[PDB]
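Student: Dropping in my_file_4.txt, with compact mmCIF, C-alpha atoms.
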# COMPACT_ATOMS: atom_id res chain seq x y z
CA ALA A 417 98.69 108.06 90.44
CA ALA A 418 97.07 110.05 87.63
CA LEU A 419 97.73 107.30 85.07
CA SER A 420 95.77 105.06 87.42
CA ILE A 421 93.06 107.73 87.26
CA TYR A 422 93.57 107.96 83.49
CA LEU A 423 93.02 104.22 83.08
CA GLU A 424 90.03 103.59 85.36
CA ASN A 425 87.89 105.71 83.04
CA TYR A 426 89.64 103.97 80.15
CA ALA A 427 88.73 100.69 81.83
CA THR A 428 85.15 101.72 82.57
CA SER A 429 83.89 102.62 79.09
CA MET A 430 85.87 99.82 77.42
CA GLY A 431 83.37 97.00 77.76
CA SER A 432 84.30 93.41 78.70
CA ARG A 433 87.25 91.49 80.28
CA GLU A 434 89.64 94.17 78.94
CA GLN A 435 88.20 96.55 81.59
CA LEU A 436 89.59 94.38 84.38
CA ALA A 437 92.89 94.11 82.49
CA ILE A 438 93.21 97.90 82.23
CA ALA A 439 92.54 98.24 85.97
CA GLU A 440 95.12 95.67 87.05
CA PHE A 441 97.63 97.38 84.78
CA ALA A 442 96.84 100.48 86.82
CA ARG A 443 97.45 98.43 89.98
CA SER A 444 100.99 97.89 88.72
CA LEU A 445 101.34 101.68 88.40
CA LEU A 446 100.91 102.23 92.14
CA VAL A 447 104.16 100.51 93.17
CA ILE A 448 106.32 103.48 92.14
CA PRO A 449 105.17 105.77 94.99
CA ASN A 450 105.12 102.65 97.17
CA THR A 451 108.76 101.64 96.80
CA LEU A 452 109.94 105.21 97.28
CA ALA A 453 108.34 105.90 100.66
CA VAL A 454 109.71 102.63 102.04
CA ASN A 455 113.09 103.68 100.65
CA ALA A 456 112.43 107.14 102.11
CA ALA A 457 111.42 105.29 105.35
CA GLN A 458 107.90 106.74 105.16
CA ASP A 459 104.42 105.27 104.73
CA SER A 460 103.66 104.10 101.21
CA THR A 461 99.90 103.68 101.61
CA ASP A 462 99.54 107.13 103.14
CA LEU A 463 101.63 108.93 100.52
CA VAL A 464 99.94 107.46 97.43
CA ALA A 465 96.57 108.24 99.00
CA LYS A 466 97.72 111.85 99.32
CA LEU A 467 98.58 111.90 95.60
CA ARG A 468 95.20 110.86 94.20
CA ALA A 469 93.53 113.15 96.75
CA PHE A 470 95.13 116.10 94.91
CA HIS A 471 93.00 116.30 91.78
CA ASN A 472 90.61 118.28 89.67
CA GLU A 473 90.70 116.11 86.57
CA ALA A 474 93.09 113.47 85.27
CA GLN A 475 96.03 115.57 84.05
CA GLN B 380 57.44 68.42 90.82
CA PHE B 381 56.21 71.03 88.33
CA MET B 382 53.75 72.22 90.98
CA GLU B 383 56.53 72.37 93.60
CA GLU B 384 58.37 75.00 91.57
CA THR B 385 55.02 76.57 90.62
CA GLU B 386 54.22 77.12 94.30
CA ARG B 387 57.61 78.72 94.89
CA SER B 388 57.04 80.69 91.68
CA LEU B 389 53.86 82.07 93.25
CA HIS B 390 55.58 82.48 96.62
CA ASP B 391 58.16 84.84 95.12
CA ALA B 392 55.39 87.09 93.82
CA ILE B 393 53.81 87.10 97.27
CA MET B 394 57.07 88.07 98.99
CA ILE B 395 58.01 90.89 96.64
CA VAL B 396 54.59 92.55 96.28
CA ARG B 397 53.91 92.65 100.03
CA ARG B 398 57.36 94.21 100.29
CA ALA B 399 56.58 96.64 97.45
CA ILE B 400 53.46 97.92 99.22
CA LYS B 401 55.07 98.50 102.63
CA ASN B 402 57.81 100.58 100.99
CA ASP B 403 56.87 102.66 97.96
CA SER B 404 60.50 103.89 97.85
CA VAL B 405 61.70 101.34 95.32
CA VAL B 406 64.85 100.93 93.23
CA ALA B 407 65.80 98.24 90.75
CA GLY B 408 66.83 94.76 91.84
CA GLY B 409 69.63 92.49 90.72
CA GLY B 410 72.46 94.47 92.31
CA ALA B 411 72.13 97.10 89.58
CA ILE B 412 72.67 99.93 92.06
CA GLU B 413 75.71 98.25 93.60
CA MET B 414 77.87 98.33 90.47
CA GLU B 415 77.11 102.03 90.16
CA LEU B 416 77.81 102.36 93.90
CA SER B 417 81.03 100.41 93.35
CA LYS B 418 82.23 103.01 90.87
CA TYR B 419 80.57 105.83 92.84
CA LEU B 420 82.57 105.09 95.98
CA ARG B 421 85.86 104.46 94.17
CA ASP B 422 85.50 108.05 93.03
CA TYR B 423 85.57 108.86 96.73
CA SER B 424 88.62 106.60 96.91
CA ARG B 425 89.99 108.97 94.29
CA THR B 426 88.67 111.90 96.31
CA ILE B 427 89.02 111.52 100.07
CA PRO B 428 91.93 109.34 101.13
CA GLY B 429 94.65 109.83 103.65
CA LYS B 430 94.78 106.06 103.64
CA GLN B 431 91.09 105.44 103.10
CA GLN B 432 91.14 104.42 99.44
CA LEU B 433 92.35 101.00 100.53
CA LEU B 434 89.22 100.68 102.66
CA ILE B 435 86.58 102.36 100.49
CA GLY B 436 88.05 100.64 97.45
CA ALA B 437 87.72 97.32 99.29
CA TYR B 438 84.26 98.45 100.37
CA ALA B 439 83.41 99.12 96.73
CA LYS B 440 85.13 95.88 95.73
CA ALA B 441 82.71 93.82 97.80
CA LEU B 442 79.63 95.58 96.38
CA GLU B 443 79.95 94.14 92.87
CA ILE B 444 80.42 90.61 94.24
CA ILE B 445 76.66 90.26 94.75
CA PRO B 446 75.72 90.66 91.05
CA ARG B 447 78.93 88.76 90.30
CA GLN B 448 77.62 85.87 92.37
CA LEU B 449 74.21 86.40 90.78
CA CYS B 450 76.03 85.81 87.50
CA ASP B 451 78.08 83.02 89.06
CA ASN B 452 75.17 81.11 90.55
CA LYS C 78 134.27 90.13 106.80
CA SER C 79 133.28 93.79 106.49
CA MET C 80 134.27 94.25 110.13
CA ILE C 81 137.78 93.30 109.04
CA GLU C 82 137.50 95.75 106.13
CA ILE C 83 136.68 98.72 108.34
CA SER C 84 139.50 97.47 110.56
CA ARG C 85 141.69 97.49 107.46
CA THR C 86 140.44 101.05 106.97
CA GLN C 87 141.60 102.14 110.43
CA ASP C 88 144.83 100.15 110.10
CA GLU C 89 145.95 101.72 106.83
CA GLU C 90 145.22 105.24 108.06
CA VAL C 91 146.52 104.78 111.62
CA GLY C 92 147.11 101.21 112.74
CA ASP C 93 145.90 102.00 116.25
CA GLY C 94 142.33 102.08 117.46
CA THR C 95 141.50 99.15 115.16
CA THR C 96 140.73 97.27 118.36
CA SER C 97 138.42 100.10 119.37
CA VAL C 98 136.50 100.85 116.15
CA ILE C 99 134.73 97.50 116.28
CA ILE C 100 133.71 97.94 119.91
CA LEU C 101 131.67 101.10 119.32
CA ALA C 102 129.99 99.84 116.15
CA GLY C 103 128.36 96.89 117.92
CA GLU C 104 126.00 98.66 120.30
CA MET C 105 125.01 101.25 117.71
CA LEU C 106 123.25 98.50 115.77
CA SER C 107 122.49 96.44 118.87
CA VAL C 108 120.48 98.99 120.83
CA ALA C 109 118.74 101.20 118.27
CA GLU C 110 117.87 98.79 115.51
CA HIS C 111 115.41 96.20 116.79
CA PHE C 112 113.23 98.84 118.44
CA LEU C 113 113.10 100.76 115.20
CA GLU C 114 113.26 98.11 112.48
CA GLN C 115 110.20 96.53 113.97
CA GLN C 116 108.97 100.01 113.07
CA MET C 117 111.11 99.83 109.89
CA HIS C 118 112.66 103.24 109.16
CA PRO C 119 116.18 102.71 107.81
CA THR C 120 116.76 106.18 106.36
CA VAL C 121 115.92 108.05 109.58
CA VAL C 122 118.48 106.07 111.58
CA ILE C 123 121.06 106.83 108.87
CA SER C 124 120.45 110.56 109.25
CA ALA C 125 120.41 110.06 113.01
CA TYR C 126 123.85 108.48 112.58
CA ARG C 127 124.81 111.55 110.55
CA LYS C 128 123.92 113.96 113.34
CA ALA C 129 125.58 111.77 115.95
CA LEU C 130 128.87 112.41 114.17
CA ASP C 131 129.09 116.20 114.03
CA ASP C 132 127.78 116.73 117.56
CA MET C 133 130.69 114.58 118.70
CA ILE C 134 133.05 116.79 116.68
CA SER C 135 132.08 120.03 118.42
CA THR C 136 132.15 118.23 121.77
CA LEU C 137 135.73 117.18 121.01
CA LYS C 138 136.62 120.85 120.70
CA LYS C 139 134.80 121.45 123.98
CA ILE C 140 136.80 118.90 125.94
CA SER C 141 140.25 119.01 124.33
Would you write out, as structure tokens, the structure that this file holds?

Tutor:
Amino acid sequence: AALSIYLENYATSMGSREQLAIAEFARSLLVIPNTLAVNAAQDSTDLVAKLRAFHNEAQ
Amino acid sequence: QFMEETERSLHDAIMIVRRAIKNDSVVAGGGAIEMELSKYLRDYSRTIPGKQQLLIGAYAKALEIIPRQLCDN
Amino acid sequence: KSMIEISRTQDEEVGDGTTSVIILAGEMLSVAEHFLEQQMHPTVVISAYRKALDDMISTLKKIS
């Protein structure tokens, strides 16, 4: 989740088409909490939204 | 045909200036605010969600489509 | 084919009750599953199947 936070700023100040490529690479990062909660028989979209909600800065 | 576009050139200045008088509270045009508001509200998608980053992210996804279309038209 | 294999399991340990092990296993997955796999929680029903086992064990000591 934090790598997705680490890359959206890295997308934002990049410039051109590469910005959208950094962001969709961060969309591939989100599947790892997603496959676990389904395997743990829980909600994936809830749990990953909990993760990013715990934050001060991206570390 | 030059005067057809010239009339609608003048008509745009009539529409925007009458609108500028009735509301002094004026921002920039061209969807310039929306791209900021796209990134502004995805920060709330970073901030708030229990599940709401799917919605506010989609909300902020649709905001940049207007200057996207204004580039695409 | 796996129903034969768990019947081979009961046969090699006992040989009896192999008729009966396949009877009980049907309605476990017949009754619970479609109500809950439309809700899709596989792991919870596994742990529910865990706690169905040991409660039966203590109840065996109650009745025997």

Student: Per residue of chain A within 10 Å of chain B, note the shortest atom pair and the distance in Å to one decimal, counting all atoms listed in the file, and order the rows by chain and increasing residue number, as JSON lines.

Tutor:
{"residue": "A:417", "atom": "CA", "partner": "B:425", "partner_atom": "CA", "distance": 9.6}
{"residue": "A:418", "atom": "CA", "partner": "B:425", "partner_atom": "CA", "distance": 9.8}
{"residue": "A:420", "atom": "CA", "partner": "B:425", "partner_atom": "CA", "distance": 9.8}
{"residue": "A:421", "atom": "CA", "partner": "B:425", "partner_atom": "CA", "distance": 7.8}
{"residue": "A:424", "atom": "CA", "partner": "B:418", "partner_atom": "CA", "distance": 9.6}
{"residue": "A:428", "atom": "CA", "partner": "B:418", "partner_atom": "CA", "distance": 8.9}
{"residue": "A:459", "atom": "CA", "partner": "B:430", "partner_atom": "CA", "distance": 9.7}
{"residue": "A:460", "atom": "CA", "partner": "B:430", "partner_atom": "CA", "distance": 9.4}
{"residue": "A:461", "atom": "CA", "partner": "B:430", "partner_atom": "CA", "distance": 6.0}
{"residue": "A:462", "atom": "CA", "partner": "B:430", "partner_atom": "CA", "distance": 4.9}
{"residue": "A:463", "atom": "CA", "partner": "B:429", "partner_atom": "CA", "distance": 7.7}
{"residue": "A:464", "atom": "CA", "partner": "B:430", "partner_atom": "CA", "distance": 8.2}
{"residue": "A:465", "atom": "CA", "partner": "B:428", "partner_atom": "CA", "distance": 5.2}
{"residue": "A:466", "atom": "CA", "partner": "B:429", "partner_atom": "CA", "distance": 5.7}
{"residue": "A:467", "atom": "CA", "partner": "B:428", "partner_atom": "CA", "distance": 9.0}
{"residue": "A:468", "atom": "CA", "partner": "B:425", "partner_atom": "CA", "distance": 5.5}
{"residue": "A:469", "atom": "CA", "partner": "B:426", "partner_atom": "CA", "distance": 5.0}
{"residue": "A:470", "atom": "CA", "partner": "B:426", "partner_atom": "CA", "distance": 7.8}
{"residue": "A:471", "atom": "CA", "partner": "B:426", "partner_atom": "CA", "distance": 7.7}
{"residue": "A:472", "atom": "CA", "partner": "B:426", "partner_atom": "CA", "distance": 9.4}

Student: Write the residues of the selection above to a file with C-alpha atoms, as a compact mmCIF listing (two decimals), in the frame of the given file.

Tutor:
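Result file is again39.txt:
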# COMPACT_ATOMS: atom_id res chain seq x y z
CA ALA A 417 98.69 108.06 90.44
CA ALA A 418 97.07 110.05 87.63
CA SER A 420 95.77 105.06 87.42
CA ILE A 421 93.06 107.73 87.26
CA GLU A 424 90.03 103.59 85.36
CA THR A 428 85.15 101.72 82.57
CA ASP A 459 104.42 105.27 104.73
CA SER A 460 103.66 104.10 101.21
CA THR A 461 99.90 103.68 101.61
CA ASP A 462 99.54 107.13 103.14
CA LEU A 463 101.63 108.93 100.52
CA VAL A 464 99.94 107.46 97.43
CA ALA A 465 96.57 108.24 99.00
CA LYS A 466 97.72 111.85 99.32
CA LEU A 467 98.58 111.90 95.60
CA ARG A 468 95.20 110.86 94.20
CA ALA A 469 93.53 113.15 96.75
CA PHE A 470 95.13 116.10 94.91
CA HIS A 471 93.00 116.30 91.78
CA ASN A 472 90.61 118.28 89.67

Student: Rank nothing, just name the residue among A:419, A:427, A:475, A:435 nearest to residue 448 of chain A, using all atoms listed in the file.

Tutor: A:419

Student: Using all atoms listed in the file and a distance of at most 10 Å, pull out the residues of chain A that contact chain C, as JSON, numbers by chain.

Tutor: {"A": [453, 454, 455, 456, 457, 458, 459]}

Student: For a test of reading the model, state the distance in Å between atom CA of residue 474 of chain A and atom CA of residue 425 of chain A, rounded to one decimal.

Tutor: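 Pair atom CA of residue 474 of chain A / atom CA of residue 425 of chain A returns 9.6 Å.
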
Student: Using only C-alpha atoms, which of C:80, C:86, C:140, C:128 sits nearest residue 100 of chain C?

Tutor: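 Closest candidate: C:80.
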
Student: Quote the spacing between atom CA of residue 448 of chain B and atom CA of residue 416 of chain B in Å to one decimal place.

Tutor: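 It comes out at 16.6 Å.
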
Student: Can you give me N, CA, C and O atoms for segment 397-413 of chain B, written as a compact mmCIF listing (two decimals), in the frame of the given file?

Tutor:
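Listed below is the output, part31.txt:
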# COMPACT_ATOMS: atom_id res chain seq x y z
N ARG B 397 54.10 92.20 98.65
CA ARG B 397 53.91 92.65 100.03
C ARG B 397 55.03 93.59 100.46
O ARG B 397 54.79 94.57 101.16
N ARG B 398 56.25 93.31 100.02
CA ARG B 398 57.36 94.21 100.29
C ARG B 398 57.27 95.49 99.48
O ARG B 398 57.69 96.55 99.96
N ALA B 399 56.69 95.43 98.28
CA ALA B 399 56.58 96.64 97.45
C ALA B 399 55.52 97.59 98.00
O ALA B 399 55.61 98.81 97.80
N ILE B 400 54.50 97.06 98.68
CA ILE B 400 53.46 97.92 99.22
C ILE B 400 53.96 98.65 100.46
O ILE B 400 53.77 99.87 100.60
N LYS B 401 54.65 97.93 101.35
CA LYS B 401 55.07 98.50 102.63
C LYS B 401 56.14 99.57 102.46
O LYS B 401 56.31 100.43 103.32
N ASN B 402 56.88 99.53 101.35
CA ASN B 402 57.81 100.58 100.99
C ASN B 402 57.59 100.94 99.53
O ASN B 402 57.99 100.19 98.64
N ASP B 403 56.97 102.10 99.29
CA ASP B 403 56.87 102.66 97.96
C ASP B 403 58.22 103.10 97.39
O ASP B 403 58.40 103.09 96.17
N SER B 404 59.17 103.47 98.25
CA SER B 404 60.50 103.89 97.85
C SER B 404 61.27 102.69 97.32
O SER B 404 61.84 101.91 98.09
N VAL B 405 61.29 102.56 96.00
CA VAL B 405 61.70 101.34 95.32
C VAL B 405 62.74 101.66 94.26
O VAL B 405 62.57 102.59 93.45
N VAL B 406 63.83 100.89 94.26
CA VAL B 406 64.85 100.93 93.23
C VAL B 406 64.80 99.62 92.46
O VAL B 406 63.95 98.76 92.70
N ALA B 407 65.70 99.48 91.49
CA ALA B 407 65.80 98.24 90.75
C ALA B 407 66.44 97.15 91.59
O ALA B 407 67.15 97.42 92.57
N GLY B 408 66.19 95.90 91.21
CA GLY B 408 66.83 94.76 91.84
C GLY B 408 68.00 94.26 91.02
O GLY B 408 68.41 94.88 90.03
N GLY B 409 68.55 93.12 91.44
CA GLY B 409 69.63 92.49 90.72
C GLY B 409 71.01 93.04 91.00
O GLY B 409 71.94 92.74 90.24
N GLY B 410 71.17 93.84 92.05
CA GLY B 410 72.46 94.47 92.31
C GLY B 410 72.84 95.52 91.29
O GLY B 410 74.03 95.79 91.12
N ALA B 411 71.85 96.10 90.61
CA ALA B 411 72.13 97.10 89.58
C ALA B 411 72.68 98.38 90.18
O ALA B 411 73.53 99.05 89.58
N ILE B 412 72.22 98.72 91.38
CA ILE B 412 72.67 99.93 92.06
C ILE B 412 74.09 99.76 92.55
O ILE B 412 74.89 100.71 92.57
N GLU B 413 74.45 98.53 92.93
CA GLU B 413 75.71 98.25 93.60
C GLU B 413 76.91 98.48 92.70
O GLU B 413 77.94 98.98 93.16
